[PDB]
file protein_7.tsv (TSV, C-alpha atoms and all ligand atoms)
chain	number	residue	atom	x	y	z
A	2	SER	CA	0.00	0.00	0.00
A	3	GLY	CA	2.80	2.45	0.81
A	4	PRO	CA	4.48	3.60	4.01
A	5	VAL	CA	2.53	5.22	6.87
A	6	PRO	CA	3.19	8.99	7.19
A	7	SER	CA	5.01	10.60	10.10
A	8	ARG	CA	5.49	14.04	11.73
A	9	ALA	CA	8.17	15.47	14.10
A	10	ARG	CA	6.81	15.32	17.72
A	11	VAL	CA	8.13	18.83	18.43
A	12	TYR	CA	8.75	21.97	16.36
A	13	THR	CA	6.57	20.48	13.69
A	14	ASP	CA	5.30	23.70	12.03
A	15	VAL	CA	7.94	26.25	12.90
A	16	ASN	CA	8.88	26.81	9.27
A	17	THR	CA	5.31	27.20	8.08
A	18	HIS	CA	4.93	30.19	10.46
A	19	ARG	CA	8.04	31.93	9.10
A	20	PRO	CA	8.22	34.34	6.19
A	21	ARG	CA	8.79	32.05	3.18
A	22	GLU	CA	12.21	33.78	2.61
A	23	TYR	CA	13.38	32.00	5.77
A	24	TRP	CA	13.13	28.47	4.28
A	25	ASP	CA	12.78	29.07	0.54
A	26	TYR	CA	16.57	29.07	0.00
A	27	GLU	CA	16.43	28.65	-3.85
A	28	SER	CA	15.47	32.30	-3.89
A	29	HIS	CA	18.32	33.43	-1.64
A	30	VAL	CA	20.54	36.07	-3.19
A	31	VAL	CA	24.20	35.80	-2.13
A	32	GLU	CA	25.99	39.12	-1.61
A	33	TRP	CA	29.63	38.49	-2.13
A	34	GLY	CA	32.39	39.71	0.17
A	35	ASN	CA	35.84	40.78	-1.02
A	36	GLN	CA	38.13	37.84	-1.70
A	37	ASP	CA	41.33	39.95	-1.49
A	38	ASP	CA	40.35	40.38	2.16
A	39	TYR	CA	41.64	36.82	2.93
A	40	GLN	CA	45.10	35.28	2.44
A	41	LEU	CA	45.36	31.46	2.76
A	42	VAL	CA	47.95	30.40	5.32
A	43	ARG	CA	47.82	26.58	5.21
A	44	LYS	CA	45.71	23.62	4.40
A	45	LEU	CA	43.78	22.14	7.35
A	46	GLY	CA	41.91	19.34	5.68
A	47	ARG	CA	40.42	17.88	2.58
A	48	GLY	CA	36.87	16.56	2.24
A	49	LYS	CA	34.34	15.12	-0.22
A	50	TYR	CA	32.64	18.52	-0.52
A	51	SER	CA	35.41	20.97	0.21
A	52	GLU	CA	39.00	21.84	1.13
A	53	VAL	CA	39.54	23.68	4.36
A	54	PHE	CA	42.27	26.26	5.02
A	55	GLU	CA	43.43	28.56	7.71
A	56	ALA	CA	43.56	32.16	6.42
A	57	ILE	CA	44.11	35.75	7.58
A	58	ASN	CA	41.67	38.55	7.16
A	59	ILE	CA	44.19	41.25	6.22
A	60	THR	CA	41.78	44.13	6.82
A	61	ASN	CA	41.76	43.48	10.57
A	62	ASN	CA	44.57	40.93	11.09
A	63	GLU	CA	42.19	38.12	12.35
A	64	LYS	CA	42.59	34.39	11.82
A	65	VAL	CA	39.70	32.71	9.97
A	66	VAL	CA	38.87	29.35	8.39
A	67	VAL	CA	38.13	29.18	4.72
A	68	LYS	CA	36.10	26.36	3.16
A	69	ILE	CA	36.56	26.27	-0.60
A	70	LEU	CA	33.63	24.38	-2.11
A	71	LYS	CA	34.05	21.59	-4.58
A	72	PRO	CA	31.64	22.00	-7.54
A	73	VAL	CA	28.13	21.17	-6.49
A	74	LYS	CA	24.63	22.26	-7.45
A	75	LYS	CA	24.12	25.91	-6.68
A	76	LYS	CA	20.88	24.96	-4.86
A	77	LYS	CA	22.97	23.06	-2.28
A	78	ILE	CA	25.28	26.09	-1.84
A	79	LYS	CA	22.26	28.43	-1.24
A	80	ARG	CA	20.83	25.90	1.21
A	81	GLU	CA	23.99	25.75	3.35
A	82	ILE	CA	24.45	29.51	3.31
A	83	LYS	CA	20.79	30.21	4.22
A	84	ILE	CA	20.91	27.72	7.11
A	85	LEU	CA	24.20	29.22	8.44
A	86	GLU	CA	22.69	32.70	8.26
A	87	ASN	CA	19.44	31.67	9.97
A	88	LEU	CA	21.43	29.88	12.79
A	89	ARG	CA	24.13	32.53	13.21
A	90	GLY	CA	24.47	33.60	16.90
A	91	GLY	CA	22.82	30.35	18.16
A	92	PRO	CA	24.56	28.47	20.93
A	93	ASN	CA	27.57	26.41	19.80
A	94	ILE	CA	26.78	27.02	16.10
A	95	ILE	CA	29.89	27.83	13.98
A	96	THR	CA	29.64	31.49	12.77
A	97	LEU	CA	29.75	32.21	9.02
A	98	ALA	CA	31.61	35.46	8.67
A	99	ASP	CA	31.72	36.01	4.91
A	100	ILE	CA	31.23	34.43	1.48
A	101	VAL	CA	33.65	35.05	-1.39
A	102	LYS	CA	34.44	33.74	-4.90
A	103	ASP	CA	37.69	31.86	-4.93
A	104	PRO	CA	39.83	33.25	-7.79
A	105	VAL	CA	41.07	29.70	-8.54
A	106	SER	CA	38.12	27.21	-8.28
A	107	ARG	CA	35.74	30.12	-9.24
A	108	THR	CA	33.49	28.45	-6.71
A	109	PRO	CA	32.30	29.93	-3.48
A	110	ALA	CA	34.47	29.91	-0.42
A	111	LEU	CA	32.74	30.19	2.94
A	112	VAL	CA	34.66	32.05	5.63
A	113	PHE	CA	34.11	31.12	9.26
A	114	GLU	CA	35.28	32.36	12.70
A	115	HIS	CA	38.43	30.51	13.69
A	116	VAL	CA	38.34	27.51	16.12
A	117	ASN	CA	41.27	25.66	17.82
A	118	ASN	CA	40.35	21.95	17.71
A	119	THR	CA	41.93	19.02	19.43
A	120	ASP	CA	41.12	16.36	16.81
A	121	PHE	CA	38.72	13.78	18.27
A	122	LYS	CA	41.24	10.99	17.41
A	123	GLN	CA	43.49	12.24	20.31
A	124	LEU	CA	40.63	13.81	22.49
A	125	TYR	CA	38.17	10.93	23.14
A	126	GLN	CA	41.16	8.93	24.39
A	127	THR	CA	41.57	11.43	27.25
A	128	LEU	CA	37.93	12.39	28.15
A	129	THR	CA	36.78	12.01	31.77
A	130	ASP	CA	33.29	10.85	32.69
A	131	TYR	CA	32.56	14.49	33.53
A	132	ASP	CA	33.85	15.87	30.20
A	133	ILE	CA	31.64	13.51	28.25
A	134	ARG	CA	28.55	14.82	30.12
A	135	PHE	CA	29.71	18.42	29.71
A	136	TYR	CA	30.38	18.08	25.95
A	137	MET	CA	27.21	16.06	25.26
A	138	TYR	CA	25.28	18.78	27.05
A	139	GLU	CA	26.85	21.47	24.79
A	140	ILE	CA	26.01	19.53	21.64
A	141	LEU	CA	22.37	19.24	22.80
A	142	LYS	CA	22.24	22.97	23.14
A	143	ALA	CA	23.25	23.31	19.49
A	144	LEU	CA	20.80	20.64	18.34
A	145	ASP	CA	17.84	21.90	20.36
A	146	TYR	CA	18.47	25.37	19.00
A	147	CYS	CA	18.76	24.25	15.37
A	148	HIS	CA	15.71	21.98	15.78
A	149	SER	CA	13.71	24.84	17.24
A	150	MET	CA	14.76	26.94	14.24
A	151	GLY	CA	13.25	24.37	11.88
A	152	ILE	CA	16.55	22.77	10.83
A	153	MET	CA	17.98	19.25	10.95
A	154	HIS	CA	21.76	18.90	10.84
A	155	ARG	CA	21.78	15.41	9.23
A	156	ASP	CA	25.54	14.81	9.63
A	157	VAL	CA	26.17	14.61	13.36
A	158	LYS	CA	29.49	12.83	14.00
A	159	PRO	CA	32.81	13.43	15.79
A	160	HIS	CA	34.50	15.28	12.81
A	161	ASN	CA	31.63	17.78	12.91
A	162	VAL	CA	31.95	18.69	16.57
A	163	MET	CA	35.00	20.94	17.16
A	164	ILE	CA	36.12	21.25	20.75
A	165	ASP	CA	38.58	23.71	22.02
A	166	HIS	CA	39.38	21.66	25.17
A	167	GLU	CA	41.60	24.30	26.79
A	168	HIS	CA	38.59	26.68	26.74
A	169	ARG	CA	35.79	24.11	27.16
A	170	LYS	CA	34.23	25.42	23.99
A	171	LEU	CA	32.37	23.52	21.33
A	172	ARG	CA	31.14	24.24	17.77
A	173	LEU	CA	28.89	22.22	15.54
A	174	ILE	CA	30.22	22.66	12.02
A	175	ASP	CA	29.52	21.43	8.45
A	176	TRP	CA	25.92	22.37	7.72
A	177	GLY	CA	26.23	21.29	4.09
A	178	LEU	CA	23.81	18.39	4.46
A	179	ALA	CA	21.48	20.28	6.84
A	180	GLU	CA	17.77	20.68	5.66
A	181	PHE	CA	14.60	22.63	6.67
A	182	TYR	CA	12.03	20.37	8.28
A	183	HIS	CA	8.46	20.53	6.71
A	184	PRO	CA	5.74	18.14	7.81
A	185	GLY	CA	4.90	15.58	5.12
A	186	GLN	CA	8.21	16.07	3.24
A	187	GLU	CA	10.04	13.05	1.88
A	188	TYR	CA	13.83	13.56	2.19
A	189	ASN	CA	16.83	11.97	0.54
A	190	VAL	CA	18.04	9.06	2.74
A	191	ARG	CA	21.63	9.32	1.43
A	192	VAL	CA	22.86	11.65	4.11
A	193	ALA	CA	25.06	11.37	7.16
A	194	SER	CA	28.13	9.24	7.44
A	195	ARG	CA	27.52	5.48	7.43
A	196	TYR	CA	28.27	4.76	11.10
A	197	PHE	CA	25.98	7.51	12.29
A	198	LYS	CA	23.04	6.67	9.98
A	199	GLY	CA	19.61	6.12	11.55
A	200	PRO	CA	17.55	2.99	10.81
A	201	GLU	CA	15.12	5.33	8.95
A	202	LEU	CA	17.86	5.96	6.44
A	203	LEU	CA	19.01	2.32	6.22
A	204	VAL	CA	15.52	0.91	5.45
A	205	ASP	CA	14.70	3.89	3.15
A	206	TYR	CA	11.95	5.58	5.23
A	207	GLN	CA	11.99	9.10	3.76
A	208	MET	CA	9.54	10.93	5.97
A	209	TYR	CA	12.07	11.49	8.76
A	210	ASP	CA	12.76	14.51	11.02
A	211	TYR	CA	14.98	16.12	13.67
A	212	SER	CA	15.05	12.82	15.57
A	213	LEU	CA	17.59	11.62	12.93
A	214	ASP	CA	20.19	13.78	14.74
A	215	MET	CA	19.40	12.12	18.06
A	216	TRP	CA	20.26	8.64	16.73
A	217	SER	CA	23.63	10.07	15.50
A	218	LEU	CA	24.19	11.61	18.88
A	219	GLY	CA	23.47	8.18	20.43
A	220	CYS	CA	26.19	6.63	18.19
A	221	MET	CA	28.67	9.24	19.37
A	222	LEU	CA	27.74	8.71	22.98
A	223	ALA	CA	28.10	4.97	22.67
A	224	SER	CA	31.65	5.31	21.33
A	225	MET	CA	32.80	7.69	23.99
A	226	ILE	CA	31.48	5.67	27.01
A	227	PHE	CA	32.47	2.27	25.60
A	228	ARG	CA	35.75	3.50	23.95
A	229	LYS	CA	34.94	1.89	20.58
A	230	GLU	CA	34.97	4.52	17.81
A	231	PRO	CA	33.02	4.24	15.59
A	232	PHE	CA	30.58	2.17	17.65
A	233	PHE	CA	28.45	0.48	14.93
A	234	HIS	CA	31.24	-0.07	12.41
A	235	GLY	CA	29.43	-1.42	9.24
A	236	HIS	CA	31.16	-1.97	5.88
A	237	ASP	CA	28.23	-0.73	3.84
A	238	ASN	CA	24.62	0.45	4.40
A	239	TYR	CA	23.30	-3.12	4.50
A	240	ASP	CA	25.91	-4.38	7.00
A	241	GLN	CA	25.32	-1.20	9.02
A	242	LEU	CA	21.74	-2.21	9.78
A	243	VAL	CA	22.90	-5.76	10.59
A	244	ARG	CA	25.44	-4.46	13.13
A	245	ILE	CA	22.64	-2.43	14.82
A	246	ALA	CA	20.23	-5.33	14.75
A	247	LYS	CA	22.84	-7.47	16.54
A	248	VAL	CA	22.66	-5.08	19.49
A	249	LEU	CA	19.10	-3.63	19.49
A	250	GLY	CA	17.55	-6.90	18.44
A	251	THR	CA	15.45	-7.90	15.45
A	252	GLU	CA	12.07	-8.00	17.16
A	253	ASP	CA	12.00	-4.18	17.58
A	254	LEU	CA	13.29	-3.71	14.06
A	255	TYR	CA	10.41	-5.71	12.57
A	256	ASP	CA	7.85	-4.00	14.83
A	257	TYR	CA	9.21	-0.76	13.44
A	258	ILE	CA	8.99	-1.79	9.81
A	259	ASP	CA	5.46	-3.20	10.45
A	260	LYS	CA	4.30	0.04	12.23
A	261	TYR	CA	5.34	2.34	9.34
A	262	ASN	CA	4.46	-0.33	6.77
A	263	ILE	CA	7.94	0.01	5.30
A	264	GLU	CA	8.87	-2.00	2.18
A	265	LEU	CA	12.05	-3.76	3.31
A	266	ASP	CA	14.61	-4.18	0.49
A	267	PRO	CA	14.70	-7.90	-0.60
A	268	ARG	CA	18.49	-7.78	0.04
A	269	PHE	CA	17.86	-7.58	3.85
A	270	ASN	CA	16.07	-10.99	3.91
A	271	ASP	CA	19.04	-13.29	4.20
A	272	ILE	CA	21.36	-11.02	6.16
A	273	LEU	CA	19.35	-9.75	9.10
A	274	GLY	CA	18.53	-13.11	10.75
A	275	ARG	CA	17.07	-13.17	14.27
A	276	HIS	CA	18.87	-11.44	17.10
A	277	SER	CA	18.01	-10.83	20.71
A	278	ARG	CA	18.36	-7.34	22.15
A	279	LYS	CA	21.59	-7.25	24.18
A	280	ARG	CA	22.14	-5.74	27.69
A	281	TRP	CA	24.60	-2.86	27.58
A	282	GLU	CA	26.69	-4.59	30.26
A	283	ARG	CA	28.20	-6.79	27.53
A	284	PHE	CA	30.24	-3.83	26.19
A	285	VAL	CA	31.54	-2.83	29.64
A	286	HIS	CA	35.15	-3.86	30.44
A	287	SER	CA	38.04	-2.78	32.68
A	288	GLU	CA	39.25	0.00	30.35
A	289	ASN	CA	35.80	1.72	30.00
A	290	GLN	CA	33.95	1.06	33.29
A	291	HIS	CA	35.00	4.42	34.71
A	292	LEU	CA	32.90	6.02	31.84
A	293	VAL	CA	29.80	3.85	32.16
A	294	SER	CA	27.16	4.36	34.83
A	295	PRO	CA	23.46	3.42	35.25
A	296	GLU	CA	22.70	7.02	34.17
A	297	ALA	CA	24.83	6.85	31.04
A	298	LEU	CA	23.11	3.65	29.89
A	299	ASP	CA	19.56	4.75	30.60
A	300	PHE	CA	20.31	7.90	28.54
A	301	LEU	CA	22.01	6.01	25.66
A	302	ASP	CA	19.11	3.60	25.60
A	303	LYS	CA	16.59	6.35	25.15
A	304	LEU	CA	18.49	7.74	22.11
A	305	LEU	CA	19.14	4.44	20.27
A	306	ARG	CA	15.62	3.42	19.23
A	307	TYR	CA	14.64	2.23	15.80
A	308	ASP	CA	11.33	4.13	15.95
A	309	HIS	CA	12.35	7.70	15.43
A	310	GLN	CA	9.16	8.87	17.23
A	311	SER	CA	10.38	7.02	20.36
A	312	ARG	CA	13.73	8.81	20.77
A	313	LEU	CA	14.30	11.64	23.29
A	314	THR	CA	14.04	15.16	21.84
A	315	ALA	CA	17.15	17.27	22.37
A	316	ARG	CA	15.22	19.18	25.11
A	317	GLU	CA	14.13	15.92	26.87
A	318	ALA	CA	17.76	14.73	26.57
A	319	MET	CA	18.87	17.84	28.43
A	320	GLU	CA	16.63	17.02	31.44
A	321	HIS	CA	18.08	13.57	31.81
A	322	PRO	CA	19.70	12.58	35.21
A	323	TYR	CA	22.98	11.97	33.30
A	324	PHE	CA	23.35	15.84	33.17
A	325	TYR	CA	22.25	16.87	36.81
A	326	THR	CA	25.84	17.58	37.85
A	327	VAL	CA	26.67	19.59	34.70
A	328	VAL	CA	23.37	21.55	34.97
A	329	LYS	CA	24.34	22.29	38.65
A	330	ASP	CA	27.90	23.52	37.94
A	331	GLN	CA	26.34	25.64	35.15
A	401	LIG	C1	40.16	19.83	9.63
A	401	LIG	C2	39.13	20.95	9.77
A	401	LIG	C3	39.45	22.07	10.58
A	401	LIG	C4	38.52	23.10	10.73
A	401	LIG	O1	38.90	24.14	11.54
A	401	LIG	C5	37.24	23.03	10.10
A	401	LIG	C6	36.94	21.92	9.27
A	401	LIG	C7	37.86	20.88	9.10
A	401	LIG	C8	35.70	21.83	8.61
A	401	LIG	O2	35.47	20.79	7.92
A	401	LIG	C9	34.75	22.87	8.75
A	401	LIG	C10	33.48	22.83	8.11
A	401	LIG	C11	32.55	23.88	8.29
A	401	LIG	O3	31.37	23.79	7.67
A	401	LIG	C12	32.85	24.99	9.06
A	401	LIG	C13	34.12	25.04	9.69
A	401	LIG	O4	34.47	26.13	10.43
A	401	LIG	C14	35.03	24.00	9.55
A	401	LIG	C15	36.28	24.07	10.23
A	401	LIG	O5	36.48	25.11	10.95
call {"tool": "encode", "arguments": {"input": "protein_7.tsv", "output": "structure tokens"}}
result
Amino acid sequence: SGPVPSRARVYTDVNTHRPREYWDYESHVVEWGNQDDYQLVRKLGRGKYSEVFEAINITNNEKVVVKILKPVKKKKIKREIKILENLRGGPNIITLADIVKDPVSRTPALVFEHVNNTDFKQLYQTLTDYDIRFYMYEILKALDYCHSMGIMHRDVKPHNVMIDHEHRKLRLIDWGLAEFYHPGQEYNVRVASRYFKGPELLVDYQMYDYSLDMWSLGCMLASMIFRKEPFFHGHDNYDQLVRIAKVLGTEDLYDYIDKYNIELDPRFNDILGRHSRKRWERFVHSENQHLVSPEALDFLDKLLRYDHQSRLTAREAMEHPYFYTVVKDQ
């Protein structure tokens, strides 16, 4: 018959109450900055969608980060820029400072406020129980804010959360896959990085929402408290669902496909099998026990649900007992 429709439980209609200019990004007019304003210092990183540099703004001597965009549909560039503008000033959202035309690629180059990251490959190895709660709490601020502003990030993962540890400062970056949420919309499921993909994406359920970001956040949390990064390490999108199903169980998976009347890809038949839902204690060992508590597990559990409608909202997440001590010190 066709899948059963779905709606975000919170912030459902925020965009519909906005001026259409707010979410109708195809009509956004970019006003360029001056590209002689910025001199590239060095290359920071290379991605699928861009190359990232450190630069100097020579007008005022400030350090900035410059993201030179690889060729992509102009619609996608307008979308990212409109999102960054709408979210600018929000808590723990990276600040877009300027937009220029790179003299070389002739593509757009986005200029952001500088940040001084400790790459997560060295950081997560050193994080205390307390730091994990503190940093999780700061991410939830960014996600509740962007959710409330009608936007889903759709690529939550360790690379996209910059932490200046020395200053206890966090920024959620890379809004290039972010989208405006509209009730009844069917989205592309080919978003997010494989290990952070929600079940909705893996079984091709298109009518998803903000709650996608909460599953991703759950994957990050799992890898920090168990010290296994990435946590669900699949080889492809098929094997990714199988790795999840080995932990969350198959009974809940099939109740979820039955509930939304999802057409499961024939390819999943012989690979999924039958799997009991595991107790989190099986991932606890001597090297990670100091990071795992009854609170951490209750919280993780409430994020990692197949049924996207069942997961905590970012705001519910923030009232969880896991964060009592960080809410107090703040
Ligand atoms: C290795 C690396 C260092 C960085 O400082 C950034 C990035 C990558 C990065 O990908 C990035 C994306 C973005 O959308 C905004 C940013 O400020 C950034 C960055 O600031």
call {"tool": "residues_near_ligand", "arguments": {"input": "protein_7.tsv", "ligand": "ligand LIG 401 (chain A)", "cutoff": "7 Å", "atoms": "all atoms listed in the file", "output": "ChimeraX atom specification"}}
result
/A:45-46,53,66,68,95,113-118,161,174-177
call {"tool": "closest_residue", "arguments": {"input": "protein_7.tsv", "among": "A:94, A:243, A:319, A:208", "to": "residue A:8", "atoms": "all atoms listed in the file"}}
result
A:208
call {"tool": "closest_residue", "arguments": {"input": "protein_7.tsv", "among": "A:231, A:104, A:34, A:185", "to": "residue A:121", "atoms": "all atoms listed in the file"}}
result
A:231
call {"tool": "closest_residue", "arguments": {"input": "protein_7.tsv", "among": "A:266, A:187, A:308, A:214", "to": "residue A:6", "atoms": "all atoms listed in the file"}}
result
A:187
call {"tool": "closest_residue", "arguments": {"input": "protein_7.tsv", "among": "A:268, A:236, A:168, A:306", "to": "residue A:217", "atoms": "all atoms listed in the file"}}
result
A:306
call {"tool": "closest_residue", "arguments": {"input": "protein_7.tsv", "among": "A:225, A:255, A:35, A:43", "to": "residue A:131", "atoms": "all atoms listed in the file"}}
result
A:225
call {"tool": "atom_distance", "arguments": {"input": "protein_7.tsv", "atom1": "atom CA of residue A:188", "atom2": "atom CA of residue A:209"}}
result
7.1 Å
call {"tool": "atom_distance", "arguments": {"input": "protein_7.tsv", "atom1": "atom CA of residue A:179", "atom2": "atom CA of residue A:86"}}
result
12.6 Å
call {"tool": "atom_distance", "arguments": {"input": "protein_7.tsv", "atom1": "atom CA of residue A:235", "atom2": "atom CA of residue A:293"}}
result
23.5 Å
call {"tool": "residues_around", "arguments": {"input": "protein_7.tsv", "residues": "residue A:280", "least_positions_apart": "3", "cutoff": "12 Å", "atoms": "all atoms listed in the file", "output": "PyMOL selection string"}}
result
chain A and resi 247-250+277+283-285+295+298-299+301-302
call {"tool": "axis_aligned_box", "arguments": {"input": "protein_7.tsv", "around": "stretch 309-313 of chain A", "padding_each_side": "4 Å", "output": "lines of an AutoDock Vina configuration file"}}
result
center_x = 11.7
center_y = 9.3
center_z = 19.4
size_x = 13.1
size_y = 12.6
size_z = 15.9
call {"tool": "residues_around", "arguments": {"input": "protein_7.tsv", "residues": "residue A:37", "least_positions_apart": "3", "cutoff": "9 Å", "atoms": "only C-alpha atoms", "output": "MDAnalysis selection string"}}
result
chainID A and resid 40 58:59
call {"tool": "write_last_selection", "arguments": {"input": "protein_7.tsv", "atoms": "C-alpha atoms", "output": "PDB file, keeping the file's coordinate frame"}}
result
ATOM      1  CA  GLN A  40      45.100  35.280   2.440  1.00  0.00           C
ATOM      2  CA  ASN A  58      41.670  38.550   7.160  1.00  0.00           C
ATOM      3  CA  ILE A  59      44.190  41.250   6.220  1.00  0.00           C
TER       4      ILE A  59
END
call {"tool": "closest_residue", "arguments": {"input": "protein_7.tsv", "among": "A:162, A:157, A:31, A:65", "to": "residue A:101", "atoms": "all atoms listed in the file"}}
result
A:31
call {"tool": "residues_around", "arguments": {"input": "protein_7.tsv", "residues": "residue A:76", "least_positions_apart": "3", "cutoff": "9 Å", "atoms": "only C-alpha atoms", "output": "PyMOL selection string"}}
result
chain A and resi 26-27+73+79-81
call {"tool": "residues_around", "arguments": {"input": "protein_7.tsv", "residues": "residue A:140", "least_positions_apart": "5", "cutoff": "9 Å", "atoms": "all atoms listed in the file", "output": "ChimeraX atom specification"}}
result
/A:93,135,145,162,171-173,218
call {"tool": "residues_around", "arguments": {"input": "protein_7.tsv", "residues": "residue A:88", "least_positions_apart": "4", "cutoff": "9 Å", "atoms": "all atoms listed in the file", "output": "list in words"}}
result
residues 83, 84, 92, 94, 95, 96, 146, 147, 150 and 152 of chain A
call {"tool": "build_atoms", "arguments": {"input": "protein_7.tsv", "residues": "stretch 260-271 of chain A", "atoms": "N, CA, C and O atoms", "output": "mmCIF file, keeping the file's coordinate frame"}}
result
data_model
loop_
_atom_site.group_PDB
_atom_site.id
_atom_site.type_symbol
_atom_site.label_atom_id
_atom_site.label_comp_id
_atom_site.auth_asym_id
_atom_site.auth_seq_id
_atom_site.Cartn_x
_atom_site.Cartn_y
_atom_site.Cartn_z
ATOM 1 N N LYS A 260 5.003 -1.195 11.822
ATOM 2 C CA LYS A 260 4.300 0.040 12.230
ATOM 3 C C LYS A 260 4.222 1.107 11.107
ATOM 4 O O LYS A 260 3.154 1.666 10.851
ATOM 5 N N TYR A 261 5.330 1.362 10.414
ATOM 6 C CA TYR A 261 5.340 2.340 9.340
ATOM 7 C C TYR A 261 5.114 1.745 7.981
ATOM 8 O O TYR A 261 5.239 2.458 6.980
ATOM 9 N N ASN A 262 4.786 0.445 7.967
ATOM 10 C CA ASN A 262 4.460 -0.330 6.770
ATOM 11 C C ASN A 262 5.532 -0.104 5.711
ATOM 12 O O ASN A 262 5.269 0.199 4.577
ATOM 13 N N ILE A 263 6.783 -0.206 6.150
ATOM 14 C CA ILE A 263 7.940 0.010 5.300
ATOM 15 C C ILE A 263 8.228 -1.212 4.413
ATOM 16 O O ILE A 263 8.267 -2.355 4.891
ATOM 17 N N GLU A 264 8.424 -0.973 3.115
ATOM 18 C CA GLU A 264 8.870 -2.000 2.180
ATOM 19 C C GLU A 264 10.356 -2.291 2.374
ATOM 20 O O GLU A 264 11.226 -1.512 1.955
ATOM 21 N N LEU A 265 10.659 -3.401 3.041
ATOM 22 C CA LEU A 265 12.050 -3.760 3.310
ATOM 23 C C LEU A 265 12.678 -4.303 2.010
ATOM 24 O O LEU A 265 12.140 -5.209 1.366
ATOM 25 N N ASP A 266 13.805 -3.725 1.617
ATOM 26 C CA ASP A 266 14.610 -4.180 0.490
ATOM 27 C C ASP A 266 14.785 -5.721 0.550
ATOM 28 O O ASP A 266 15.175 -6.266 1.600
ATOM 29 N N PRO A 267 14.472 -6.437 -0.555
ATOM 30 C CA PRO A 267 14.700 -7.900 -0.600
ATOM 31 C C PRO A 267 16.102 -8.356 -0.147
ATOM 32 O O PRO A 267 16.264 -9.478 0.364
ATOM 33 N N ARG A 268 17.103 -7.498 -0.357
ATOM 34 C CA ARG A 268 18.490 -7.780 0.040
ATOM 35 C C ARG A 268 18.662 -8.011 1.554
ATOM 36 O O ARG A 268 19.577 -8.750 1.951
ATOM 37 N N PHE A 269 17.796 -7.403 2.383
ATOM 38 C CA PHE A 269 17.860 -7.580 3.850
ATOM 39 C C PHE A 269 17.390 -8.960 4.367
ATOM 40 O O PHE A 269 17.694 -9.334 5.501
ATOM 41 N N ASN A 270 16.682 -9.708 3.522
ATOM 42 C CA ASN A 270 16.070 -10.990 3.910
ATOM 43 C C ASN A 270 17.094 -11.943 4.507
ATOM 44 O O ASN A 270 17.014 -12.310 5.683
ATOM 45 N N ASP A 271 18.097 -12.300 3.726
ATOM 46 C CA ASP A 271 19.040 -13.290 4.200
ATOM 47 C C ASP A 271 20.179 -12.769 5.044
ATOM 48 O O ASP A 271 21.085 -13.539 5.366
#
